[PDB]
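Take a look at the structure below.
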Amino acid sequence: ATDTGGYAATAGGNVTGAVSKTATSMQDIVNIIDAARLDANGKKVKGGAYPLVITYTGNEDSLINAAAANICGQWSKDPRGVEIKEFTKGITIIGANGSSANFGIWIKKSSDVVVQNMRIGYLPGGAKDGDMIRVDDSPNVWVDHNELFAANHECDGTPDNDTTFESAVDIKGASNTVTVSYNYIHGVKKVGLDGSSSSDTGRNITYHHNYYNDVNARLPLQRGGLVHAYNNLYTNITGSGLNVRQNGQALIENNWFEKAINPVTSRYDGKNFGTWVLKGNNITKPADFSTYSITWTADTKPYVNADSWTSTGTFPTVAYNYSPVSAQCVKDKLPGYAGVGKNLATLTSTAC
């Protein structure tokens with residue numbers, strides 16, 4: 001079974017011949033992956049020698065709590081993260097209930113990677129690429145049921161005044177198919193890119209059943225390609241939501257928006273506006289803006305906001321299978337399915 005409910009179709013390390021290992025710290029993860037590259041004779045095998053299912057049981061609450069207490073002290077620290085580079089055998093990193101991490105997971109030139117049930121927050125190194133989850137040149141990645149958090153705040157005197165904290169889920173390069181689902185993302189200024197530059201366009205990404213609260217921007221900052229966002233709960237968006245750029249196409253269906261500024265827009269380039277297809281959201285017409293506290297602002301450069309709340313383009317036939325519940329049901333039920341400690345539970349219409 002490789003159904004993620006989105007463009008990524010992967011089972012990760014849960015394939016045949018998979019080796020299960022328990023990691024009790026960031027260092028164990030690093031060592032476990034390194035050992036997974038050696039064959040029976042001790043020789044390195046390209047892409048990995050065998051599939052892995054790493055159960056992380058470590059807990060770095062102390063680090064997280066200390067950081068939460070002094071958020072402006074984080075950006076200048078050394079970044080901390082486990083790099084999953086060129087590992088294609090299939091790998092799943094799943095956190096044990098109660099586990100926690102003050103380090104990120106950086107996926108690079110790999111494929112078939114699943115990251116589940118990890119609580120990652122307040123990472124050091126916002127000024128030196130300290131991302132929580134990064135997907136670079138990596139197709140078939142599934143980021144599901146995690147809690148990614150920090151503080152939605154910018155400290156004074158940080159480089160570019162944009163480095164207090166890095167991103168939650170940045171996706172770039174040839175990460176052609178990715179599914180980001182059931183994540184509880186909160187207190188994050190820059191949620192996640194979809195293309196690192198104007199020239200970094202493409203990919204097919206699905207964002208479904210995520211609960212975003214108190215986030216400033218990039219849900220995602222899309223550059224070209226296709227994005228399918230369904231059954232997400234968007235609350236307290238302080239900057240802008242889905243920013244569809246460089247002629248990207250997005251299908252936005254059955255989501256719940258509330259207390260949001262510029263929830264669907266195309267700005268910051270002044271040209272090559274992307275398009276969106278809107279359907280089944282709690283918002284159906286502009287009259288609803290007042291009901292759900294949706295505010296719109298302009299930009300210094302030419303932009304397009306969805307203030308008419310109408311579809312501005314088309315969207316290709318959605319390849320995979322999925323059954324969205326109603327926008328009301330996500331608002332009612334989603335917070336109990338998204339995040340860690342939910343036993344990877346999913347929201348079916350039955351539970352609605």
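For neighbour counting, all protein chains shown are included, and Cβ atoms are generated from backbone atoms with ideal geometry for every residue, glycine included. Only the coordinates and a few stated rules stand behind these numbers; no lab work does.
Can you put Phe273, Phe165, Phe149 in order, fewest other beta carbons within 10 Å first?
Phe273, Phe149, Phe165
Rounded, prolate or oblate, given the Cα gyration tensor of the chain, with a/c below 1.5 counting as rounded?
prolate
Between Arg80 and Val19, what is 0.36 nm times their sequence separation minus the Cα-Cα distance? Round to one decimal in nm.
Once the chain is fully extended between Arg80 and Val19, it gains 19.4 nm.
Sum up the charges of everything whose Cβ sits under 14 Å from the Cβ of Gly121, counting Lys and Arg as +1 and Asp and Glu as -1, but leave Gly121 out.
Taking every Cβ under 14 Å from that of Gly121, the sum is -3.
Taking H placed 1.01 Å from N in the peptide plane, check which residues at least 5 places from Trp296 or on another chain put their amide H under 5 Å from its amide H.
So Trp296 has HN proximity to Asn262.
Run down the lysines and flag those whose C-alpha is under 16 Å from the C-alpha of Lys342, throwing out any fewer than 8 positions away in its chain.
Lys333
Only loop residues by DSSP count here, and only those with at most 13 other Cβ atoms within 10 Å; note down the GluC sites (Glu not before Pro) in region 1-105 that meet that.
Passing both the DSSP loop test and the Cβ count: no residue.
Between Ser308 and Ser293, what length in nm is gained on full extension when 0.36 nm per residue of separation is reduced by their alpha carbon distance?
Once the chain is fully extended between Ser308 and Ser293, it gains 3.9 nm.
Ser181's amide H: which non-local residues (gap 5+, or another chain) put their own amide H closer than 5 Å, with H modeled 1.01 Å from N in plane and none for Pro or chain starts?
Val143, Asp144, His145, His208
Output the antiparallel fraction of DSSP beta bridges having both residues in the chain, as a percent to the nearest 5.
5
Dipole of the chain, Cα-centred, from +1 at each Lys and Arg C-beta and -1 at each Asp and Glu C-beta, to the nearest 20 debye?
540
Starting from the Cα of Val45, step 7 Å toward the Cβ, then list every residue of region 90-118 with an amide N under 11 Å from that point.
Of the residues in region 90-118, 90 have backbone N under 11 Å from the label point off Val45.
Starting at the first residue of region 67-77, write each ³J(HN,Hα) from the Karplus equation 6.51 cos²θ - 1.76 cosθ + 1.60 with θ = phi - 60°, in whole Hz, x for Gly and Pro.
Working through the residues one at a time gives 5, 4, 7, 8, 4, 7, x, 6, 4, 8, 6 Hz.
Tell me, how many Å apart are the Cα centres for region 132-184 and for region 209-284?
So the separation of the two Cα centres works out to 16 Å.
Expressed as an acute angle from 0 to 90° and rounded to the nearest 10, what is the orientation of the C-alpha long axis of helix 26-35 relative to the principal long axis of the chain?
Value to nearest ten degrees: 60.
Does region 1-141 come out rounded, prolate or oblate, given a ≥ b ≥ c as the square roots of the eigenvalues of its C-alpha gyration tensor, rounded meaning a/c under 1.5 and, failing that, prolate meaning a/b above b/c?
In terms of gyration-tensor shape, prolate.
Hey, which of these cross-link pairs are over 24 Å Cα-Cα: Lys279/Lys331; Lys46/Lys128; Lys128/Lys189; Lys21/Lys189?
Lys46/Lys128; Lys21/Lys189
Between the alpha-carbon centers of region 314-334 and region 46-91, tell me the distance in whole angstrom.
The distance from the Cα centre of region 314-334 to that of region 46-91 comes to 31 Å.
So which residue, out of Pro324, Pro159, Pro316, gets the largest mean-square fluctuation from a GNM of the chain using Cα contacts under 10 Å as springs?
Comparing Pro324, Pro159, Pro316 in the GNM, the peak value goes to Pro316.
Which of the three applies to region 75-200, rounded, prolate or oblate, going by the alpha-carbon gyration tensor with a ≥ b ≥ c and a/c under 1.5 meaning rounded?
Here region 75-200 falls in the oblate category.
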